[PDB]
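Following: one structure in C-alpha cells, then a few remarks.
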Amino acid sequence: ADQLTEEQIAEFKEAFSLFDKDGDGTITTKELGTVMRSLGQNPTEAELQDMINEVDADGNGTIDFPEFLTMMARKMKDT
Numbered sequence: 002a003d004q005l006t007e008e009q010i011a012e013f014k015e016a017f018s019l020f021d022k023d024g025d026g027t028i029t030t031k032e033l034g035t036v037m038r039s040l041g042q043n044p045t046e047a048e049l050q051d052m053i054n055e056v057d058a059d060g061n062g063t064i065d066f067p068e069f070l071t072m073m074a075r076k077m078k079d080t
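Numbering (the UniProt record's numbering), first residue to last: 2 to 80.
This is the structure in C-alpha cells:
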C-alpha cells in the first residue's frame, strides 16, 4: 500500500500534472530529471540513470505514472 500521507498526494499530483501534458498520463524520460527537481529532489546521476533503465525496458522513452511513483518509493531505506 502507499506509505505517503494523503496531503502529500495533492502536491505530487500538481507536479506530475504540469509535465504529463501528453494527454494520457505519460512523461518523457528527458524531463524525468526536471519533475524531481521541481519537487526539490536531486539524487546521484548514477541513481537517475538506473531508475530510468529499469522501467524503460522497451526503450520507448516514456514513463507511465505508476512507474515513476514506484521509483519514488524504492529509493528510500524501507523497513
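Every residue, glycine too, gets a C-beta built ideally from N, C-alpha and C.
DSSP bridge partner residues for residue i (one or two, in chain order)
i   : result
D65 : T27
Of the residues the options, the one placed nearest residue i, counting alpha carbons only
i   : options               : result
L33 : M77, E46 and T80      : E46
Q9  : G62, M73, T80 and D79 : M73
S39 : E48, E12 and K22      : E12
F17 : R75, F66 and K78      : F66
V36 : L70, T80, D25 and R75 : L70
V56 : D79, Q4 and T27       : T27
As assigned by DSSP and simplified to three states, the class of residue i
i   : result
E7  : helix
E32 : coil
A16 : helix
Buried versus exposed, by CB contacts within 10 Å (16 or more), residue i
i   : result
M77 : exposed
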